Every structure is written in structure tokens, then in C-alpha cells.
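Input: a single structure, listed below in C-alpha cells.
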RNA sequence: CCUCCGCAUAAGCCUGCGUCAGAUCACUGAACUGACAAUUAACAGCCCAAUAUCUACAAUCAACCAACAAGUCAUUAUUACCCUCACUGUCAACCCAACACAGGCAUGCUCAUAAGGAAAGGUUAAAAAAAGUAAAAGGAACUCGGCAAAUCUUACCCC
RNA sequence: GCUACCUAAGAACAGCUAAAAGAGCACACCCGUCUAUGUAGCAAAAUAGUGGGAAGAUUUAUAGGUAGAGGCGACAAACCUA
RNA sequence: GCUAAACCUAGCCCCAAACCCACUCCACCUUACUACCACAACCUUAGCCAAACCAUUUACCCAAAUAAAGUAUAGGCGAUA
Ligand SMILES: [Mg+2]
Ligand SMILES: [Mg+2]
Ligand SMILES: [Mg+2]
Ligand SMILES: [Mg+2]
Ligand SMILES: [Mg+2]
Ligand SMILES: [Mg+2]
Ligand SMILES: [Mg+2]
Ligand SMILES: [Mg+2]
Ligand SMILES: [Mg+2]
Ligand SMILES: [Mg+2]
Ligand SMILES: [Mg+2]
Ligand SMILES: [Mg+2]
Ligand SMILES: [Mg+2]
Ligand SMILES: [Mg+2]
Ligand SMILES: [Mg+2]
Ligand SMILES: [Mg+2]
Ligand SMILES: [Mg+2]
Ligand SMILES: [Mg+2]
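Residue numbers (the authors' numbering), protein chains in the order written: chain 9, 15 to 137; chain 2, 48 to 92; chain U, 2 to 112, 126 to 153; chain c, 31 to 56; chain d, 70 to 91, 111 to 294; chain Y, 63 to 238; chain V, 15 to 216; chain i, 32 to 128; chain R, 10 to 50.
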């Protein structure tokens, strides 16, 4: 006879308490006789770098001078990545409206391991 | 002796007055709609 | 990582990876007497014991042997001035048994005022021979 | 809190009379 | 709690160098201190000050008499005022000043040396020897100490403070020095009982 | 090791720890892509130390040495995440012209209100999905009257707000 | 904060403030004259003159500004006395304590003329927002005041966990149309050969 | 008890504010201005009330037909109910027939 | 509450004045006092 | 001195007599307030590739016998198939009866306990009232009626 | 989620006599004959004692169904949240 | 002398003007707020009440205020419309 409390896996009868969980992402499946099969590949792997000889530390010196905040946009990214290559190739006759893929553009995301839309990677 | 008419169970509570039971019929939909307009914090069990 | 949509897997897929992991850990002093190898942790809900194993041996290079978890229910008994229930949040508790017979014990963390002090000692209290007569006058 | 001034003024004058009864001036 | 606002002090408790009542070292200390007075104000005279110290003393005591705390505040430090007025509330004081015997003179002058930020204090000590009258009455107006209108002699040592840094700082009475060799204060009217140890059943008197 | 859940023993129970300023977004933008990834784990370990330290103070019923450190650390990582997010977002625009990473649609729930429905991933196509087909992404007619009442309600609240604004200005004119 | 919280002299998060304004209380709101953020001209460390109240017609230094109530606190001016440290038995010790003033109750001083003057905001090529006296063509500079944390940046020393300025401000980012994810993988030498299969999104 | 125990703040009425000073000016717009406008064109307020007077029942009838379409669902239900009430009151009740 | 009687205290005192010298509750309780005061007059 | 109760599971409830500090029929305290702790899976929940194809003969110590109401439990052929122990429940004096209610409440083990409990705030020994125990001689004389207590009967009539 | 009835898949019934049974005595259980207490009570129907059944048309846990111009009913105008 | 009493301002009402909000990450129609597998919507309002009963009948928003006009007309030719 309570409506206002949050509904949880603690709360039902036996069957109910089995079915619901907390938020944890499942990492396998079940087979006959309730045997759990784990898939190694479904388990997230921590991609953790080498920290040896690394100068950056978690806090910053106050002695550092202040600079104006300017966020990143597509326009300026194009200007400081693609634009110099394009204009340099515009000077000669190497540039082409077709096959501009040389500059880093891709027609499709289908083949890629890291597909941008829809996103297929974690963080 | 009377008064103990409520013999509680989670299964029965949910299958009778739950969100899914509510949406199942147009009548129930309107029940939810009413509670939303009144500003109830419990829309259903 | 938590509060992100995990990409689906089909057979023969690429190995799922995280690069920056939302999970944050506390290592906590147990309230009950434990084995020397066992260490306690407060853990995000969405974390698994598989995850915590990998987390510790990955980031901290801590070899672990065994991990067991449980979900601690916070009390909803407390009420405010408006007579509304205040929920203490539920958290997950992970016990980790170390390998190679390593032993860990929780460290012993935590081993104008002049004017105030000088006046406090200049109190002079009160002499019952005077019987409450003012003391300021030198007469 | 009742809008009006007359009843309030009357009451103050009543209180003045009571105060005079309690401790008459020299 | 850490916030930018600070508790602002207009006095210091205690005495920089306690004058001891009954030699060239004290005079040179006074000379360097008066120099450290002059550089701040440049209109200070050691000659004329005792009179100012005298009349300030009298008017402070007149304040006590009539219970005017505001004038007293302009006149007496924040260290002194509690000692002045903790007992005096809910009783009447009748203090008067009769003619002085020995003229008031300065005994020593000392200065602080930047113990706190934006705070320089200066303590000067004056010896005063005069006869006064005093009566303290009870809450019901029953004479409880002193006599009505007959003077008795008193020797007192008084310390004066000023804020040297502050432009609105003023010379105020700060404290009294009681000598160890001083005769005891004249006896009170009533008799008292001092209770002995209140013993728990499981105790014996020694 | 397990030891690095705690800071340097020399500064244990020191009441005050001198700590640096939180990283700015600008500073992090100058930093390399790979280097941000490395810095991010440096910030991770630091967070966990401070979180365990929070809890231990709470247990001993003692004040934390420098609690503000935690805030700084958090902010730095917020900043870092934002910086990285920006890079991904920028690149998406240049490559696909999609503003949102996850696909979705404007839909009409049964309560007749317009929602941004986020998609989920499935193995099978939608027409074959029994659970998905159970959902009603449309409003039958009976809902329209409620939509009216809802609107009217919103209007009332708004009207009330406006009035009070005006009234308040009036009294503020008589006093000044 | 609750709606119609009363701003005390205590900072809002303090224990003292919690004692004064608990969650349940609902006092009559204070009527304050709303003045624009640009038009506000009283800063901490400025010298002002007190016009009315006790201790009027005297210079003083601003120590605290509470913008919510249009309040200015002057250190050691407009003072009343309280005892601090009083217990069951002990009487405590007496200190002076400042009372706030409305911004009408003070005005700024001319730095040279040493007299109270009205002030107007001006735009200059040198200074975007500057302050000028109405009667005297004299500019009043912004007073020096320490930061919130009180770091004192002129004399500060790095700790063990503090990044050196040169290391922090070196630009190691070279723009590219790889993601963070692609970059780290290829740099760490971790390689995947299998192709990611296509999923229905709905 | 239920009587105030102090005098309320004195109320000062400015009889010579602009609104009081120019009260009732242009009430003679008609006779003095060639009959270009009726004075009833100085009336501001409800749509159904400008230069018209009636009892409650009549006022309700009028509000129903003039702003009936544009008013809120629950307000209109209240107004339809008012009219039903008043209709019975006036036609079926009272001292005199 | 467009119009509220503000001076009932004075209307009450008019009866109670006469009732002062009586015995029991009717010397102070208005709904009792009035009835006896009428009879008295 | 009492125990027809206990211990466990289920069902229901949701931190609801653990520790520490203040605080208030009974302690100036606790089943009050705040802060801190805790319940670790082997038990239990959470299952199963496809298309055909198979499946007459109870249970009852299943033996003899004996039935009637006719009964809880099975596959094979071919194809496809190689990774592992994840997730959730786990506390308490507890639930439904407005209550710390002589009421309600499923199964297993203990059938009297190895477990769990306390009828009496202190006194005095009036009346009337409730529940007992005993009673000379008599044995229904009581009463609408042997109601009740007893005792632990017989023959009928109406339906 | 009480109660009336049904549906699915369950569970309970000691001891003794019996030609062996909607049998007999009699626990647990289910019901409620008679008396007394209680009557703002322990209780919006209880308690103490005495009784009826207790291998069956028995009792009972879980889930589902039938809805008011109606359901359900070994008909009491019974029951369908005091 | 206790219990008390006293308060002005939160806000709200009716107008006018003007056509409104639908919203970081995650989750949410299965037992909602739960990552992850082969049916379908449109269908005369009735009644109280008035008629001093009741049985035909009994005003209810339809797109310009006023007037035409409670007129023509309808109606157990009556209530009334
Ligand atoms: Mg039941
Ligand atoms: Mg577990
Ligand atoms: Mg198992
Ligand atoms: Mg025992
Ligand atoms: Mg007892
Ligand atoms: Mg007794
Ligand atoms: Mg008797
Ligand atoms: Mg006998
Ligand atoms: Mg007889
Ligand atoms: Mg007889
Ligand atoms: Mg009998
Ligand atoms: Mg039956
Ligand atoms: Mg039988
Ligand atoms: Mg029998
Ligand atoms: Mg019959
Ligand atoms: Mg009958
Ligand atoms: Mg009729
Ligand atoms: Mg009638």
C-alpha cells in the first residue's frame, strides 16, 4: 500500500526480485538449466595509457596568465585542418571538386570501426 | 470481524492498478490524463 | 562507464572498449572485523564485479583474486518539516580479496584568540568576602 | 487585520483611561 | 568560518610592559616610545597630557553615576567597559571627586610593534593620588558599601590606549594596575558565610 | 597500488593542503588529443583519493583538510569532458551534418503531447518487434479536450505571474 | 535557497545563518530599490563618507558589499558593542561590531579633493568602464582588493601536484579529422580487424 | 479578543495627482463637440459592458453571447451553470408574482 | 470581507457594564449577561 | 513460575530496541533526534536453436488382492551449435486490523522443549460486581423451561 | 487482495475402533449450539467454558475470471472491500 | 499572573493586452521510469427539473453590439418556446 516510494528489485515477491535490477549493463546470456554464458567481448575493456614520464598534473599553477574562452566549431576546424591543404593545392592544378576525399572527407560511415552517426563507441 | 479486507500482494496490486493496466483501455488512458491535469504525483501504482 | 548508451554486439563483432570511464571509487574502512586480504569499496550502482576487477588491475595495477558485491538500502524513515520522506541514497558495496597473499590494513588517517585566552585567565572570578560588591574602585 | 481607523482610535483612548486608573499622575 | 570580512579590534587586552610600583632604562624606553607616538600624530605633548588624563578619569566615573553608556564608550576601551559595568547594573552608584593631593604624572610610556595588520597601539601609564567619595546602594536602595559624603584617599595607577594608525583613534582609559603591597579595600557592611565542602555520604572531612 | 587511494603520508591530517587552480577549458583545448586522454586518468585517480578522504572524515566525525580541492578536481574533469565533446561534435558536423549523436524523431505520445523520442538499437527490424509495436505513438481524439484544459491551465499560471510582476513594480514606485 | 530568503549579515551557507533562517520560516520580504549592475558604483576597498546615523561625516573603508540588500559595510564605522565568548558562567569579552549602511547613506570620496562627491559612469578608449565625479573632472581608479580564495598571486609557490606554467601552456594539439578514440588506439598499437555489423535503430 | 492594539500607518491621499485633477473631463464631448462622439465612448473595460447596464442574469446572457466562444472551458461551464441557476431563481422564486 | 464590524468590543461593553455586580458566569459572558440585564431593566 | 509456543521458509513490510553524542508510569533514557555502520552465494530468482516426429497400460511401501470418480511427471530423426559463472533477493523485536489491539495469518521441523516468556506499581482486606473452591438435612421443592452447575441416564412423540 | 461462484497448478488431515463406508470415538484444523462476561469493549461482533464436523458435497495457500439496466447464489432478498 | 491577544505581506480575484510551454546525459506502454529478437480510432446524450401529478412538452455557443420583438410563429394552443 505504498505508491510514493521508488519501485526497486527489493520490493516484489520471489519472481519479481529476480527480474528487475539496478542499472548494470548485461554481459552475456542464459541457456538451459540457467547456465550463464559470459561473452568476453560484451565486457567493456579499459583502454588505459602509460603514465611514465608525464609532466601534466591534476592541478594548475596560479602563475599562469588568463585567456579568453573560445569554443570549437566546424568552421574553424575546417580552417586549421583542411583549408591550408586545399588552398596549397589550388595554387597548382592538383585540386579537384571530385575526389576531395584526399583531404579527409568520407562519403559514408558504414565501413568505419568508429562511426560518427549513429555513434557506435563508448565515450 | 471485519476491517482486514486488504490482504496485500505486489503481483495483484500491479496487475490490477498498474501503468500497463491503465493504458490497456481508452477509459484508463483518461484516468491517467485526469491525474496529470490535477497534478498528482502518483499517476498509478 | 555509466549513463551512456552501450553499442550492441553481434557475433564476430569488435571488442567493446572504454577510453574515459565515468566510474569513481572510494576505498572504505569496514565496520566489521575482516580477513587481512579483504578490502572494502563503495562503488557505482551500474558497475559490475567484472568491471571492478578490470578497473583495479588496469588503473592501479592491483592483482585481485576474488570480488563479491551487495546493494545497501538507505533509510527512508527520516522526514522534514513538511512531513515528507527524506531518502538516504542506496549504494553498492564491493569486497575485494587480494591475490599473491598481499595484506592491506586501512591507514590511520588523522593522527584575536590570544586576546580571548588572555582575558579568560584574567577572569579573577569573585571573592565571597566581598559578597558581590563591585571591585573596580580602589577605595 | 481589519481596514478602518475609528474603532482603533477609540480603543487607544480606552487604554489611556485604564492606564490613568492604574497609576494616577502626581 | 573563512570569509573576507574580519573582526575589527579597537583595543588590545593586556599590557605591553607592566609598570611595577615601588631607572634610566625605563626613561629611554619612554623616549623611544614618545618618538613613535610623535611620528603618527606630531601634535602630542607629555607636559599637558596628565590634565587630560585627569578630567577623562572624572567624567568616566560621572558616566557610571548617571548610567550613560554611550559617552562612556567614547571614553573607555572595550577591554575596560565589562569590568566597569558588570556589577553596577541593577544598583545605584554615588561617586564624587574631591580635590587631588599629589598632582598626576606619567610614569612610563610604551608602544606596540605591529603585532596585527594595520594596528599600532600606544599604552601610557599615569599615577594619580587623590581623595574620592563613594557609595554603592542595593537594588532596594539600601546602602551596602562606602559612606555618604566623607572622602578617603586613594592611590591608583591607570593605563591609557590610543589607535595610532586610525585617524579617529582617541586616548581612553584602558585598565588599572593594582600594587601587591596595596592596603585591602575598606570592609563591606554585611557579614558573609563561606560554605565548607559539601560531602557525599562516601566521604570524610579532613 | 592500493596505497594510492590515499595521498602522501606526510600530509596526513594536516588541516590545510596547498593545491593548484582547476584547469581551464582554454588550457585543455591547447593540449593534445592523446594528452587529454592521459591527463584524464591522472584526474581520475586524484578524484578517488579525495572521495575516500571525504568518507573517512565523515566516519571519524572530523573536518576534511581541504574540501574545496574536490570541487576543483570535478570542475577540471567537467572542462576536459566538454573540450573532448566539442571535438567530436565538430567532426560530426563536417562529416555527416548531424547535430545529435544519437538518432531520434519528434513523436506524439498517447497523452497527445509532442516528445523527442530517442531510438534504441535492435537486432530485428521494427515491424517484427512485438514489444515495440505494443507502444502507441499517436493520440486518439478523446485526448484533445485534455490538451485544451492543460493549455488553459498553463495560461492561467502565466497570467497570474504577469500580474504579480506589475503589482510589485507599483508598490516599489510608491515607496520610492 | 528557498523563495523569499532574507539576506542576513552572515554568509548564507553559514551555521549562524541556518539558525536565523531555517527552511520552515517565512518572514515579510524586505523592500529593496533595484539598481542596475552597471550603475552600481560602490566597491570593496573604496573610501566613503557616512552621511547619516551615528558617527556621521567621517571617512571610512568598505570591507563588505551585500548586493542583494543594497548594503555596504564600512570597517570600524557605524559600530555597536557586543560581548563574544559568553558562557553559562563567564561574561565573555566586548568587541565593536559594524552595522550595514544603505548606499544612499554613503557616497564616494574624491581621491585628491578629499571630499564627498557624486559619481557617473563613463566610456573611454583606455578604460571601458570608468568613474568620474560630477562636479570635478577627476577619474577614480578601481581599488586593489584580494581574490575570493586569497591566494596572493604575486608570491605563490607550486606544490607536487601543481602543473608548471610552461608545461600547461605548450600547444601540443595538431588539428586532424580523427576522433580521440581512433587516435589513442593507433598510438597505443591496439588493433582491431573485425568489422562492426549493422544494427537497426528505432 | 479581536481588536487592533495600535494605530495603523496614516494614509495620505494626494488629491492633486493628475488622475484626480482631470477627473470627468470630456464627459461633455457630445454637447460641446458637435456630437462627434457619445460619452459612452469614454468607457473602458469588458467588451460586454461598455455603455450598457443590466442585472446579473442579463449580464451573463450577454457575456455568453459576446465572449462565449473565446472563454476558457471551465469558466464557460461555470457561466452556463450560472445562467441555469439564475433562470430558475428569477422565473420560479420570490415574494411577488 | 468587503465590510466587517470593527467595534464589537464597544457594543459588548454596553451590556457587560451593567452585569458587573452579578454573580456567576453571567457577569462576564455576553450571551448570558444580556438576558439577565434585560430582566434587570 | 508460565509455555498451543518456538526456530525457519514463504507472503507482506522497508532500516523500524547495532555503535556514538544531545535530548526528554518510569530511568533524565530510550522503541526520541542526528551522525556513523551493515545484509558478501554455494540457498533462491533469473532459462532453453529449428522443423517434423513420438507419447494405450494410474497413485496407494506396488507385491497379492481390490476397484472407480479413471488419474502430476518419457521421445526419436536430421540440421545448427564450443564461449563460462554475470545480474537480483539476503537486516530487525517486522504483516492485515485507525493503536506496542485477548482479533486474522500458508507450509516444514520441534509435540515439549536445548527454544521462548512474566499473571502481582505499593498497601488494606468495606459494600455491590466478575471467576473459582467447599458445604449440615433435603434432592428440582427453583424455574417459561433442570438455564447453569453438575454429572458424565432411560423410554417415547412431532417434523 | 473481503465475500459468492468458477478456472489452472498445488498443499493438509495424529492416535484408536472398524468389513471398510459423504462409518464411529477423537488431535491439529474448519465451523459457531448454549451460557456467562463485554457493550466508546481486547474487539465497528471479541473472550471463557460448552458444543458441530473433522478422508470429504472437507479445509486451505497462489494466480486468473464473472461488474451494477449487471454479476454470483445447496433462495437467506444471501454476497459483490465494516 | 498564566493561557493568550495584537500585526502586513506572502499571494490571490476580475479586466485589458497578447494566439501558449513543450526543454543537459541515462531511463521510461513488460510489473512505466526496465540497454539487447518472427490487435487497433469515428456510432442521436440521458436524466434531474418545470408543468404545482404525469405520460406530448420544458431556455442551454455557435460566430455585428442596438433595434425589428417577446413580433410573426410554435405548443397536453398550457407550462412555456
Ligand atoms: Mg484471501
Ligand atoms: Mg549476492
Ligand atoms: Mg544454485
Ligand atoms: Mg530461555
Ligand atoms: Mg506484569
Ligand atoms: Mg494495584
Ligand atoms: Mg458481596
Ligand atoms: Mg448439601
Ligand atoms: Mg416445579
Ligand atoms: Mg414455583
Ligand atoms: Mg445444560
Ligand atoms: Mg455456497
Ligand atoms: Mg465421518
Ligand atoms: Mg464424528
Ligand atoms: Mg425464502
Ligand atoms: Mg421474505
Ligand atoms: Mg412536475
Ligand atoms: Mg414547487
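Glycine residues also receive a C-beta, built at the ideal position from the N, C-alpha and C atoms.
Query                                                                                                                               : Result
Chain-ordered chain i contacts of residue 48 (chain c) [CB-CB under 9 Å]                                                            : Per Cβ cutoff of 9 Å: no residues; residue 48 (chain c) is ~13 Å from chain i at best.
8 Å Cβ cutoff, residue 96 (chain V) in contact with chain U                                                                         : no
Own chain residues within Cβ distance below 7 Å of residue 50 (chain 9), not counting five before or after                          : 42, 44
Under 7 Å (Cβ pairs) to chain i, residues found in the stretch 202-236 of chain Y                                                   : 210, 211, 214
Segment contact, 8 Å Cβ cut-off, at least three pairs: the stretch 203-211 of chain d with the stretch 238-251 of chain d           : yes
Check: residue 31 (chain 9) C-beta below 7 Å from any heavy atom of ligand 2                                                        : no
Candidates 142 (chain V), 214 (chain V), 105 (chain V), of which the one nearest residue 191 (chain Y) by Cα                        : 214 (chain V)
Validate contact between the stretch 77-94 of chain 9 and the stretch 39-56 of chain U using beta carbons, cut 8 Å, 3 pairs         : no
Cα-Cα separation, residue 205 (chain V) to residue 206 (chain Y)                                                                    : 56 Å
Ligand 2 heavy atom lying under 7 Å from the CB of residue 208 (chain V)                                                            : no
Cβ contact (3+ pairs, closer than 8 Å) linking the stretch 215-228 of chain d and the stretch 156-172 of chain d                    : no
Inter-stretch contact (C-beta, 8 Å, three-pair minimum) for the stretch 91-110 of chain U and the stretch 58-71 of chain U          : yes
Of the residues 24 (chain U), 71 (chain U), 12 (chain U), the one placed nearest residue 4 (chain U), counting alpha carbons only   : 24 (chain U)
Amino acids of chain 9, ordered along the chain, whose beta-carbon sits closer than 7 Å to that of residue 189 (chain V)            : 91, 94, 95
Touch test, the stretch 133-150 of chain d against the stretch 188-208 of chain d, Cβ-Cβ under 8 Å, three pairs minimum             : yes
Selection of the stretch 73-85 of chain d by Cβ proximity to chain V, strictly under 8 Å                                            : 73, 74, 75, 76, 77, 78, 79, 82
CB contact flag (residue 73 (chain V), residue 123 (chain V), <8 Å)                                                                 : yes
Selection from 147 (chain U), 141 (chain U), 149 (chain U) that minimises the alpha carbon distance to residue 283 (chain d)        : 141 (chain U)
Contacts that residue 88 (chain 2) makes with chain 9 (C-beta to C-beta distance below 9 Å)                                         : 17, 18
Chain Y within 8 Å of residue 103 (chain i), Cβ atoms only                                                                          : yes
Buried versus exposed call for residue 35 (chain V) [16 or more other C-beta atoms within 10 Å across all chains shown]             : buried
Residue ranges of each alpha helix (DSSP H) within the stretch 111-178 of chain d, 4 or longer                                      : 112-129, 137-154, 157-161, 169-173
For residue 158 (chain d) and residue 232 (chain V), the rounded distance between their alpha carbons                               : The requested residue 232 (chain V) is not part of the displayed model; chain V covers only 15 to 216.
Host beta strand (DSSP E) of residue 56 (chain 2) (start-end)                                                                       : Careful: residue 56 (chain 2) lies outside any beta strand (DSSP E) and carries neither H nor E.
Three CB pairs or more closer than 8 Å across the stretch 16-32 of chain U and the stretch 79-90 of chain 2                         : no
Short CB-CB distance (under 8 Å) between residue 76 (chain 2) and chain Y                                                           : yes
DSSP bridge partner residues for residue 215 (chain V) (one or two, in chain order)                                                 : 183 (chain Y)
Nearest candidate by alpha-carbon position, reference residue 84 (chain V), set 30 (chain V), 54 (chain V), 198 (chain V)           : 54 (chain V)
At least three beta-carbon pairs within less than 8 Å, the stretch 2-16 of chain U to the stretch 219-229 of chain Y                : no
Residue-level contact to chain V via CB, residue 193 (chain d), 8 Å cutoff                                                          : no
Whole-number beta carbon distance between residue 95 (chain Y) and residue 194 (chain V), since they are thought to touch under 8 Å : 5 Å
Proximity test, Cβ basis, 8 Å: residue 137 (chain U) and chain d                                                                    : no
Residue 149 (chain d) and residue 183 (chain d) closer than 8 Å at C-beta                                                           : yes
Segment contact, 8 Å Cβ cut-off, at least three pairs: the stretch 37-50 of chain i with the stretch 32-39 of chain c               : yes
Burial state of residue 71 (chain U), where buried means 16 or more other Cβ atoms lie within 10 Å                                  : exposed
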